[PDB]
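Step one of this worksheet: look at the structure below.
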Amino acid sequence: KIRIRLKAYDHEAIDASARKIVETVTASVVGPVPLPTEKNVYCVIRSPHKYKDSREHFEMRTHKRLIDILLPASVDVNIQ
Amino acid sequence: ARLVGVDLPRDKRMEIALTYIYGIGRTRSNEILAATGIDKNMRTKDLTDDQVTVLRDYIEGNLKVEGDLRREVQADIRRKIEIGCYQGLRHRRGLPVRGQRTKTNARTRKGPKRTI
Amino acid sequence: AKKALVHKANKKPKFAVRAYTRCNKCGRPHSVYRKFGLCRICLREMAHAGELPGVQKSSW
Amino acid sequence: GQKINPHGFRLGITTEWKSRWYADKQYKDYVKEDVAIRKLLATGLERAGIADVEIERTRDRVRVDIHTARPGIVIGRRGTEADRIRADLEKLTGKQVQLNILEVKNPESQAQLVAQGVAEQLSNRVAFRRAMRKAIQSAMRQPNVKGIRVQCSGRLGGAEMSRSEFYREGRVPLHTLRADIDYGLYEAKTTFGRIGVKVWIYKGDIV
Amino acid sequence: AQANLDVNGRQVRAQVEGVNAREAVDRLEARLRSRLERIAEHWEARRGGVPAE
Amino acid sequence: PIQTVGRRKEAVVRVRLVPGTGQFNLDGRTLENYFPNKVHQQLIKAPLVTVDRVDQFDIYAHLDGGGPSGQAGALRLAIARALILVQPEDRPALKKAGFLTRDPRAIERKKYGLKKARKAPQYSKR
Amino acid sequence: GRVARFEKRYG
Amino acid sequence: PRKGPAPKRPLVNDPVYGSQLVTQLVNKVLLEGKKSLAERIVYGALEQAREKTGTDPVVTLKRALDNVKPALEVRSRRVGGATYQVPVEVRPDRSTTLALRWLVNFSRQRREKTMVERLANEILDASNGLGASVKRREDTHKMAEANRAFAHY
Amino acid sequence: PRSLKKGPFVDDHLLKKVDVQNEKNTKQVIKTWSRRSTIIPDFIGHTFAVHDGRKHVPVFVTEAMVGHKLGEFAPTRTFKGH
RNA sequence: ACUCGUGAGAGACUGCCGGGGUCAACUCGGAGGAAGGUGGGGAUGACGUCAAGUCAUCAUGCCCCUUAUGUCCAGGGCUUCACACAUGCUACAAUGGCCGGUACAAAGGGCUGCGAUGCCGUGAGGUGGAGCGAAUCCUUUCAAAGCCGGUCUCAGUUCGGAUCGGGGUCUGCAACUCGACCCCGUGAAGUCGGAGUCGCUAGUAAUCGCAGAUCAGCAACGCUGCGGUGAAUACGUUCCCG
């Protein structure tokens, strides 16, 4: 059995990828098993000069889906 | 008891009483007490004269304390001063010698605050 | 920053202790992010413009 | 600073990202070549109003989709402009890069294009008030456009004192998340300096 | 010219403009004097506002 | 069998109840080796006390997250849920006791510009 | 002697 | 509190004595959130008092509270643009809070080498009417009496 | 201080300078810019013109000052008092 | 099966009851419910004000330099100190110090990086490389406060750690000016701090630890997050500020 790992920055894209992946492989599938979302957080200062007390927060969220059996540029595929 | 010319405190645990020696802290006291064998939890008023002798000979053998250590430190500082190194003139004018900031702090080397 | 320093940043020397980040688009030496290679101001502006695929505002 | 950029406020709800690719080790160089492509396409084409630039990357292959109101100007009848953009896009270490030149359906409901036109008129000799009036009245004719605000700041009319002016028509609720606000900012180059133009346009709301 | 004083916890600040240092300092002194006069809060300055009759 | 869960500010307790004697098995440790505090034991046994049903149920528990206080609170909530599952009709006595309500008192998120969630940097007007 | 300290330190 | 009074926290009864007052006391002596240490201190003090006197902790604790509980206090009130020290009647909750706070604070300044021993000695003296908290209550009642003339507003 | 494994750090320039200086047993004034170079027992007789920031200060090495660096004996900042 | 992970959905809408209310807004109480009245916290900052800050993120009108105010390099400086102000950390100790045992988190990071077992050092650390692009491996299985036991006995102390002497490790071409850490010794002021002044209404203040960015190394006690234990008080707008 080979692992199909989908990582995507967009949620709906990852559901779409998992869904047509299972559709085309249906082979016995385990289903799009979700994996914990990975969050990267950064805090920056709004003003170019001074004004440190004013901060803005950004994040990048990575959704992970797992396919165990027996594409849009947003989502990757790792086959192992 | 009189140990190397130092009067030990009246009632102290042995290693911490030995800490009162100028050349001994706590780690030194603990390791020397382990080496010679006398108990560490036993008080100063329970010392036998043979115990005083064994600590005396051990300390005089493999340790340097009190006047010799003081004069060696003083000589080292003076020699560091007289060679003209950075730490030399740092010692001469009573300023911190390990790169500490002096804009605001360093009252320890400057002494008590003076006003002008 | 100055053009000369920006160009000098790209040279590979025999000694790597000197390499500075110097964010790519404007050469700002301070506050450079390794993941994007951009300074805080440029990172914020491009994130707001949506040019970074995944970065967005925070709320929690 | 008072109002944040509307596109970034609704980036995760209404609007979509202008670059679409995934990268973990190669995020930095992808960003580098992305901004290089953007600046190259901005400097190369200025006659036809460039509405938008998307970049998609899958391994070697890059798809750059560029929107303009005059596709014929930026494209070659024999492919001369296409050949030029292709050659200058290979040189950006884009490996195999292919371009999709596209045309906007309505070139007056686009905030960026409206700001483009307002700046172009304001640059040479046109009084600013005429520019905002014409832009606003032309925007209202479009069916889906339901609100518009146009604001310019700087040394308007070559004066010694900076000023800010703004004209609104309809509804522009910048605080409402579901309502989409097309936002366009552009700097007009006058002999007395730089004049900033911002345009917000409201065309219904999405849920 | 800007001046800030901490009169027993009360912050009194003033700011003036002038063509030179001397004029600015003099105007700042006058402004600070007026502010301190309005700040007094001692009895002589708070006796006409206390309810009477 | 019957199984329930209790949650208290990042502490999770999975509880299994049987009609055995009053023996507590918290991840293989008793009510003494685990939770060595009388107040925590009161907090645990309060639903049993108000329901009169002490020393007639053997409890097994899986604990994860939080500290002793949060774990004790989650365990009490889980015990209350197990009791209401076993016997419904005593819901008033438990509900008026408040043991059936989850406590949404979580750690408030830290904010930028402040040392803590609400503590502000010292400001000198001079 | 300092020189001896150099020799023992580095050699 | 500009828009009205705030709700009160219903603190729970104690496990080993079953009274509200001891829980209030442990909350008063609490420091840095070390509730276990505060409970240990209070329980040890109660046991020490029990061993010394031979009776139940709670009754002598209540006697000490009633001995150090105030009924009249003095507050600075501004009427007609002028401030006076007006004697004011104390609500029962405030009296209990003040008595417990005085007990804890004065026991913290004793010289009995340990918090448990200091607290036990202070509570015993307050029960017998010799504690410094009793003196503080006497002084505050005296100050309330001395300014009775300002009681009309 | 520098680790013992790496050995003392002496710059090559003044190194070859002092080997060519001591090969004929004559000690002329050697002018150098490398303050970071330590002092080797091969410098015992030589006198260095160590850079300061404005000029070069002459420093005559002795047996006592071995193991230090040249920059110790070229004070940079000049402070006389207020 | 129970958690958990992440998709969809339900669930709070004064929905219902009683009473005030112009039978109006709205308000008080009650039932139900996990949650009751914008549930808790965020993102979001109207017209404008202060010619607020930024020609040193960037761009830019005008003026100026142009064998230099451009550009390359070595060394030094930004770290200087008779003082003043501000923000923090550690303390002045027994609600504690030291030693031994022992139980519970969340979040985050990792490829020329995380780096384990083992071995060598007292200890920084050295050798070595298992496994990991990671719900898997490593950050130890993760913590400290906490609980149990022993000791110290109110002292400038077994408190406090500054300063200084000596000896080392790591990074870096290079730790003198000017890194951090480790070991031995040294053991200052400091006895809860005048006038005055600051923060905080509940998982809050207080206190304890963990992680990340920047980063070869660090001046980090700073900043941004995460959780552990967790209080007191609010009678009421007369006075102070907005």
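Shown for chain C, in order and in Swiss-Prot numbering: 2-61.
Going by what the header records, the deposited coordinates were determined by electron microscopy, 3.5 Å.
Cβ atoms here come from the backbone N, Cα and C positions, even for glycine.
Residue density at C:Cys27 (Zn(2+) binding site): 12 other Cβ atoms are found within 10 A of its Cβ, drawing on all protein chains shown. Swiss-Prot lists C:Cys24, C:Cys27, C:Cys40, C:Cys43 with the feature Zn(2+) binding site.
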- prompt: Among all the protein chains here, how many other CB atoms are within 10 A of the CB of C:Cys24 (Zn(2+) binding site)?
  reply: 24
- prompt: Helix, strand or coil: which one is C:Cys24 (Zn(2+) binding site) in, per DSSP?
  reply: coil
Around the Cβ of C:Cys43 (Zn(2+) binding site), the count of other Cβ atoms that are within 10 Å: 19
Message: Which secondary structure state does DSSP assign to C:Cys43 (Zn(2+) binding site), in the simple three-class scheme?
response: helix
Task: Around the Cβ of C:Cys40 (Zn(2+) binding site), how many other Cβ atoms lie within 10 Å? Please give the count over every shown protein chain.
output: 24
Field: CB-centroid shell, 8 A cutoff, Zn(2+) site C:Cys24, C:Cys27, C:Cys40, C:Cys43, site residues removed
entry: C:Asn25, C:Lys26, C:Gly28, C:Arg29, C:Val33, C:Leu39, C:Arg41, C:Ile42, C:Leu44
